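The next block holds one structure in the form of structure tokens; read it before the comments.
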Amino acid sequence: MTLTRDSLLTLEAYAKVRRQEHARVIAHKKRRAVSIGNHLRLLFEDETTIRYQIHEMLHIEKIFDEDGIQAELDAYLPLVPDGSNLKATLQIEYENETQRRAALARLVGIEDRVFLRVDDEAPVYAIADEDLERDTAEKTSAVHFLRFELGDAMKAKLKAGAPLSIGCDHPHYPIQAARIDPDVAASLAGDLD
Amino acid sequence: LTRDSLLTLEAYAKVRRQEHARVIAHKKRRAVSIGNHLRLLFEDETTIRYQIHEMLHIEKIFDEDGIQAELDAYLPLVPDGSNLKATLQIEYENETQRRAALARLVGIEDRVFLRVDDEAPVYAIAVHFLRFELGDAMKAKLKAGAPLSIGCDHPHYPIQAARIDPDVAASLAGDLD
Ligand SMILES: [Cl-]
């Protein structure tokens, strides 16, 4: 997939199905979500997850003009897998403002230290926040957009059902590479061409 | 806000619950919204002292260099006598939408302006914060209770100047020497 303005429901048509969509997409995300320790969450993004977010943004902001719709499509384009990469939203979650505030400082650069490993191939580190200019990218955020680029040997093994593991080697958030749910890895394999 | 004025970890820990309550109350006279997605907090010695103590507490910092570092980090946010200083937050219904908005909002800080009565607007100058430098005429009018308005003329976030609640404006005037 890519998505275009014609891929989207109007505000009226979405509002009619919104509650049903919240449930449909929650169910879908069971095949797309991974936790990394107690405070990091990754959602691997696909047509379903991205279309929903766009619908949600348009609904809440009440956006129905053509340039405004297009601007949300273009804002969410970073999440679209392209054939050779998995895309994920990383969220850092802490119980309170002071805790979160302290964590975000301590965890600076964590979005660059999350890695995947398909079977025994070389690990692949996320490339984060390429949609943000250098200065914006340097400001911390509880939310990052990640890209994991996979080569041919990794694509073959993943589609063949090999184990997929995720880790982090940030000094303040060391997570030993651990196998992802095979049902989730199977869903991810389908994103790749 | 001096070095000798900070509380030890032990002393702050004793007052922390009460201080939270007191600062939440205080921030009600300091916070201003610009449209639906921008939230400013006008900083003063009360909000900045609270922030320092919170970070010393949470990270358990009791070494001199570390304590002095936290102070150095926040001391720039304390108004200097002829100025107002605010921290800006961008806020959406959830955090993923906020992140999806950030690229469009680049440069928003430079486009936030205040206007004291019918004086010229003052644009913010870009721990990040917004610094609004007031001229003597503006300082006097504000102190004397004139209207204070705030807006934004960023191309992705055009918000017409709106008057700030008079109780908040009164608090801000007290920052001025
Ligand atoms: Cl002050």
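Chains as they are written, first to last, in full-length UniProt numbering: chain A, 1 to 193; chain B, 3 to 128, 143 to 193.
Every residue gets a Cβ at the ideal spot worked out from N, C-alpha and C, and that includes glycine.
Looking at the secondary structure, which residues open and close the beta strand (DSSP E) in which B:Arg5 lies? For the purposes of this step, residue 5 of chain B is taken as residue 3 along the second sequence, with counting starting at 1. Boundaries for B:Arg5: no beta strand (DSSP E) harbours it, and the DSSP string shows neither H nor E there.
Alpha carbon to alpha carbon, what distance is there between B:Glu45 and A:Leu40? Along the first sequence, read from residue 1 onward, the residue named residue 40 of chain A stands at position 40. Along the second sequence, read from residue 1 onward, the residue named residue 45 of chain B stands at position 43. If you draw a straight line from the Cα of A:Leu40 to the Cα of B:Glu45, it is about 31 Å long.
What in chain B is Cβ-close to A:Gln91, meaning under 8 Å? Here residue 91 of chain A refers to the residue found at position 91 of the first sequence. Simply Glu97, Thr98.
For the region 136-149 of chain A, which residues have a beta carbon sitting closer than 8 Å to at least one beta carbon of chain B? Answer set for the region 136-149 of chain A: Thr136, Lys139, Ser141, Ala142, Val143, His144, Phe145.
Assigned exposure category for A:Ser7 - 16 Cβ within 10 Å defines buried: The residue labelled residue 7 of chain A in the question sits at position 7 within the first sequence. So A:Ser7 counts as exposed.
Hey, how far is the Cα of A:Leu42 from the Cα of B:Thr48? Counting from 1 along the first sequence, the entry for residue 42 of chain A is found at position 42. Counting from 1 along the second sequence, the entry for residue 48 of chain B is found at position 46. Just so you know, the alpha carbons of A:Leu42 and B:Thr48 end up roughly 38 Å apart.
Taking C-beta to C-beta, are A:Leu146 and A:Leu104 nearer than 8 Å? Looking up residue 146 of chain A in the first sequence gives position 146. Looking up residue 104 of chain A in the first sequence gives position 104. Between A:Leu146 and A:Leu104, the C-beta gap is not smaller than 8 Å, which leaves the two residues out of contact.
Which residues of chain B have a Cβ atom closer than 9 Å to the Cβ of A:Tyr52, listed in chain order? Translated into positions along the first sequence, residue 52 of chain A becomes position 52. The premise fails here: A:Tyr52 is roughly 11 Å from chain B at the closest Cβ pair, so nothing lies under 9 Å.
Where the beta strand (DSSP E) containing B:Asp152 begins and where it ends: If you number the second sequence from 1, residue 152 of chain B lands on position 136. Careful: B:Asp152 lies outside any beta strand (DSSP E), inside the alpha helix (DSSP H) at 152-159.
Within chain B, the residues that A:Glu133 reaches when beta carbons sit closer than 9 Å: Taking the first residue of the first sequence as position 1, residue 133 of chain A is located at position 133. Here the neighbours are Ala105, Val108.
So which of A:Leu107, A:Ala178, A:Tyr52 has the shortest CA-CA distance to A:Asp120? Stepping through the first sequence from its first residue, residue 120 of chain A is reached at position 120. Closest by alpha carbon: A:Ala178.
Roughly how many angstroms lie between the CA atoms of B:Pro171 and A:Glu12, to the nearest whole one? Translated into positions along the second sequence, residue 171 of chain B becomes position 155. Translated into positions along the first sequence, residue 12 of chain A becomes position 12. When rounded, the distance between both Cα atoms is 28 Å.
Measuring alpha carbon to alpha carbon, tell me which residue in A:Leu9, A:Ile166, A:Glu97, A:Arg19 is nearest A:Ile63. Along the first sequence, read from residue 1 onward, the residue named residue 63 of chain A stands at position 63. Nearest Cα to A:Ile63 within the set A:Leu9, A:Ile166, A:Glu97, A:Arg19: A:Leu9.
Check each candidate in B:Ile26, B:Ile69, B:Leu150, B:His59 and name the one with the smallest Cα separation from B:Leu188. Indexing the second sequence from 1 puts residue 188 of chain B at position 172. Out of B:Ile26, B:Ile69, B:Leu150, B:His59, B:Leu150 has the C-alpha closest to the C-alpha of B:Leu188.
Would you kindly report the start and end of the unbroken alpha helix (DSSP H) that includes B:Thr48? Counting from one through the second sequence, the residue named residue 48 of chain B turns up at place 46. Residues 47-61.
Residues in the region 37-62 of chain A having any Cβ partner in chain B nearer than 7 Å: Identification of residues in the region 37-62 of chain A having a C-beta nearer than 7 Å to some C-beta of chain B yields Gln53, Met57, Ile60, given in sequence order.
Go through the residues and name those whose CB comes closer than 6 Å to any heavy atom of ligand 1, in chain order. Selection output, chain order preserved: B:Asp46, B:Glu47, B:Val80, B:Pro81, B:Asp191.
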